[PDB]
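Scroll down for the structure; my scribbles are underneath it.
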Amino acid sequence: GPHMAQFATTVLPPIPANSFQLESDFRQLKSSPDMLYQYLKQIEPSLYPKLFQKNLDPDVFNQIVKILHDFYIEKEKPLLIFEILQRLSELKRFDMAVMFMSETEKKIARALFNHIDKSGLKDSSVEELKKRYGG
C-alpha cells in the first residue's frame, strides 16, 4: 500500500557451502531484495561455478538477475554484473533455468546486457550472453 509494511528482524546469513544452502537463503530473502544485494556482495564469482556444480535452480537464476537489475547497476560496476552472468552460463542446468523464465524475467536479463553495453563494455561475449539468457 501507500505506507511501508512491518518487516521481520533479519541479518545477512553466512556464505553457503553449496547450492542447497544458497537457494535456501535466496528463497527466504526473495521478498527482501535490498538485503539480497548485500548477501550477493559477500559471494565472489569464484564461488558461483562451485556452489552450482551439481545443479542450478530456475528461481535462483531469475533472482540473481533480478537483484543485478536494480542494485548492481546502481551500486556496483557494470563489469561485475557481466562477470556474474558469465559464471552462471557455464552451469549444466543454466539453459533449463532460461526455459523456465518468462518474458517478465527475460526483459530483466536483457536490461543487464543493455546497461553493460552502453557503459562502454564491448566484447563478443556481451552479445552471446544476452542471447543465451533471452535472445
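First residue of the sequence shown? That's 531 in the authors' numbering, and the numbers climb one at a time after it.
Cβ coordinates follow ideal geometry from the N, Cα and C atoms, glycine included.
Scanning its chain for C-beta atoms nearer than 6 Å, with the 5 sequence neighbours on each side dropped, one finds around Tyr567 the residues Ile597 and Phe601, in chain order. Distance from the CA of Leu642 to the CA of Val595, rounded to the nearest whole angstrom, comes to 8 Å.
For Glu574, there is no enclosing alpha helix (DSSP H), as DSSP marks it with neither H nor E. If you ignore the 5 residues before and after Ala538, its C-beta comes within less than 7 Å of no other C-beta in its own chain. Taking the Cα positions, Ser654 is about 11 Å away from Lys661. Annotation: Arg640 to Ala535 spans about 31 Å, alpha carbon to alpha carbon.
Per DSSP, the unbroken alpha helix (DSSP H) holding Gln616 starts and ends at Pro608 to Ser619. No Cβ-Cβ contact shorter than 8 Å links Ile611 with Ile573.
Contact between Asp587 and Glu633 does not hold, since the beta-carbon distance rounds to 20 Å and is not under 8 Å. The beta-carbon separation of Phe624 and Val590, rounded to 11 Å, does not stay under the 8 Å limit for a contact. Counting only runs of 4+ residues, the alpha helix (DSSP H) found wholly inside the region 544-569 occupies 549-559, in chain order.
In terms of CA proximity to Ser649, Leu609 leads the group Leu609, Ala547 and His599. Between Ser562 and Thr540, the gap from beta carbon to beta carbon is short of 8 Å. Scanning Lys605, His533 and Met631 for the CA closest to the CA of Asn592 turns up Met631.
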